[PDB]
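Worksheet: the structure to be examined is printed underneath.
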Amino acid sequence: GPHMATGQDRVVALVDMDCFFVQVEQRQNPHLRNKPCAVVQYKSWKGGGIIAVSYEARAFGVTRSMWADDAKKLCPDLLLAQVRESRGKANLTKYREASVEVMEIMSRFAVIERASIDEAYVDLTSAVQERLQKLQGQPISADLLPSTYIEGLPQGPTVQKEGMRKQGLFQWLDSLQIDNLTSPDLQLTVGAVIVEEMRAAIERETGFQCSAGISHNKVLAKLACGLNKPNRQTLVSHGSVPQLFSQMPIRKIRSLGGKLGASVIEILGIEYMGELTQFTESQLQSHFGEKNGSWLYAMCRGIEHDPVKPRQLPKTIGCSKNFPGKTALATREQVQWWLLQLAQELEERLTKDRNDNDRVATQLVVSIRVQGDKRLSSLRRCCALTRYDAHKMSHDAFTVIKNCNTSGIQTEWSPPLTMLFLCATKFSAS
DNA sequence: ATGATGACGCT
DNA sequence: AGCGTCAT
Ligand SMILES: Nc1ccn([C@H]2C[C@H](O)[C@@H](COP(=O)(O)NP(=O)(O)OP(=O)(O)O)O2)c(=O)n1
Ligand SMILES: [Mg+2]
Ligand SMILES: [Mg+2]
């Protein structure tokens with residue numbers, strides 16, 4: 001009736017940088033612009049592991065996780081940029097500093113939630129209201145939306161991409177109800193005008209291009225952001241959800257990419273997100289637990305309430321290095337020396353963090369992985385973090401892990417360690 | 001033999 | 001506290 005809650009209460013955007021680490025290298029090195037290129041770490045192993053790929057290289061099939069020597073078999077002209085190395089390990093400082101540039105611009109428009117090194121959610125609900133007051137009642141012109149796609153449009157009675165975009169935008173604007181300031185579709189439209197400006201400001205002020213999703217919640221905004229990458233934004237309205245979800249594989253919705261999504265698919269015998277609507281909430285809660293069941297029931301209807309959190313800073317700061325296979329650490333002073341390397345990089349980052357952000361970490365988390373063991377982390381142990389001192393931190397990390405040494409011999413380390421990981425957590429104002 | 005990270009749920 | 005999942 002008049003109480004059916006539609007999940008149209010908010011305007012939320014997700015902004016995500018196109019091939020971010022590649023754009024950072026291309027801004028620095030003009031020779032790599034508008035060319036197939038990739039960013040790699042560790043040149044020694046098969047040319048390096050690829051961690052970011054430009055769209056011109058994607059057209060040859062180059063992907064992340066590929067070795068650079070194999071990528072060159074698909075794309076012989078592929079240009080590479082390699083990540084800085086310090087203290088024997090990959091150092092991502094350049095990309096974190098580029099991330100700060102973007103996050104600071106977006107913060108001028110609205111409350112943002114930093115979601116990764118290259119993306120942030122934006123609650124635009126308030127700015128949409130303000131903007132709607134300011135705009136008397138003047139219609140919204142297609143010229144305000146020069147890079148916006150309206151998902152699901154055009155429909156009903158042009159063979160090139162820009163042609164299709166415009167007709168869908170014209171259809172949307174033609175039907176839009178501009179003298180009725182509570183319509184969620186109007187609010188999304190105004191939200192998309194603001195995200196055009198935010199994206200123009202990012203590119204003008206950093207030279208970085210990006211894509212965006214505009215919708216009513218984080219999940220839809222994230223989904224919408226990927227529909228028309230690169231350098232384009234997509235509005236997913238509440239009404240577009242049934243058709244969009246009818247052929248949307250379950251694994252594409254955020255948090256359904258892993259084991260949970262696989263069991264939804266296998267337990268229910270379904271493929272697409274919209275098929276979930278067939279099930280009562282209690283049924284979904286019986287199969288997947290009370291929170292997953294409630295979430296799924298609403299999400300397959302386009303409704304989700306996870307808020308955009310006001311957080312632009314990480315809660316943790318971490319350094320880790322893998323020692324796969326034959327390089328697994330197997331002597332005590334090898335473990336000590338790498339812990340000192342990690343502690344030294346971490347202390348540099350913490351000190352910068354304390355000066356920029358006026359806070360200190362108070363807990364140190366050591367994590368390790370031993371050979372054979374199957375999981376991301378074999379074992380985590382915590383101690384106090386009272387001094388930004390690299391030697392103290394690596395001393396304390398060794399202290400709390402050294403009893404994992406199954407080794408009989410004095411100087412040996414058994415079983416060999418395939419991963420070390422130092423993390424600073426439990427930040428407090430300073 | 002991608003790796004280097006980060007957020008958060010569960011018990 | 002320590003372990004597990006999901007993510008870029
Ligand atoms: N597994 C991953 C995924 C991304 N990244 C880094 C490199 C990416 O450039 C950056 C952002 O990831 P994305 O997942 O946002 N990829 P980008 O490379 O940003 O591509 P598009 O977002 O244009 O598809 O994070 C990473 O190091 N390891
Ligand atoms: Mg991106
Ligand atoms: Mg991203």
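Any value given below was found using the heavy atoms of this structure, including those in side chains, with hydrogens, waters and symmetry copies removed. Numbering of ligands and ligand atoms starts at 1, following listing order. Chain identifiers are assigned alphabetically (A, B, ...) following the order of the sequence lines, protein sequences preceding nucleic acid strands; residue numbering begins at 1 within each chain.
- Listed by number with element, the atoms of ligand 1 under 4.0 Å from a non-hydrogen atom of A:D18 are 23 (O).
- At a 4.0 Å heavy-atom cut-off, ligand 1 does not touch A:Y95 at all.
- Listed for the A:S215 side chain is a donor-acceptor partner under 3.5 Å among the backbone atoms of A:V236.
- A:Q233 places a side-chain N or O within 3.5 Å of a backbone atom of A:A192 that can act as its donor or acceptor partner.
- The protein heavy atom nearest to atom 3 (C) of ligand 1 is A:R64 NE, 3.3 Å.
- Residue contacts with ligand 1 for A:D118 involve side-chain atoms from C-beta outward but no N, CA, C or O (heavy atoms, distance under 4.0 Å).
- Ion pairing between a basic and an acidic side chain is recognised when a charged N comes within 4.0 Å of a carboxylate O; A:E25 and A:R33 show no such pairing.
- Residue A:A52 has no nitrogen or oxygen atom sitting less than 3.5 Å from a nitrogen or oxygen atom of ligand 1, judged on distance alone.
- Comment: A:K89 engages A:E345 in a salt bridge, judged by a side-chain N to carboxylate O separation of less than 4.0 angstrom.
- Remark: A:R58 fails to qualify as a cation-pi partner of A:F60 under the 6.0 Å distance and 45° angle criteria applied to the six-membered ring.
- Counting heavy atoms under 4.0 Å from ligand 1, residue A:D16 touches it through the side chain alone.
- Using a 4.0 Å cut-off between heavy atoms, A:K229 contacts ligand 1 through its side chain alone, with no backbone atom that close.
- Ring pair A:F208/A:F20: centre-to-centre distance below 6.0 Å.
- At the top of the distance list for atom 6 (C) of ligand 1, counting protein heavy atoms only, stands A:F21 CZ, 3.8 Å.
- A:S116 lies apart from the Mg ion (ligand 2) in this respect, since none of its N, O or S atoms is found at a distance under 2.8 Å.
- Per-residue contacts place A:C19 under 4.0 angstrom from the following atoms of ligand 1 (heavy atoms of the residue considered): 17 (P), 18 (O), 19 (O), 20 (O), 21 (P), 23 (O).
- A salt bridge does not link A:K94 to A:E97: none of the charged side-chain nitrogens sits closer than 4.0 Å to a carboxylate oxygen.
- Proximity of A:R58 to ligand 1, defined as any heavy-atom pair under 4.0 Å, is confined to the side chain (atoms from C-beta onward).
- Looking only at side-chain heavy atoms (C-beta outward), A:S65 and A:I50 stay at 4.5 Å or farther from each other.
- Taking the six-membered ring where the residue is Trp, the centroids of A:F323 and A:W338 are separated by under 6.0 Å.
- Here the Mg ion (ligand 3) is the vertex; the OE1 atom in A:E119 and the OD2 atom in A:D16 give an angle of 80° (to 10°).
- The Mg ion (ligand 3) is closest to atom OD1 of A:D118 (considering only N, O or S atoms).
- A salt bridge does not link A:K73 to A:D69: none of the charged nitrogens lies less than 4.0 Å from a carboxylate oxygen.
- Counting atoms of ligand 1 from 1 in the listed order, those under 4.0 Å from a heavy atom of A:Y55 are 21 (P), 23 (O), 24 (O).
- When the heavy-atom distances from atom 26 (C) of ligand 1 to A:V24, A:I51, A:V83, A:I117 are ranked, the shortest goes to A:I51.
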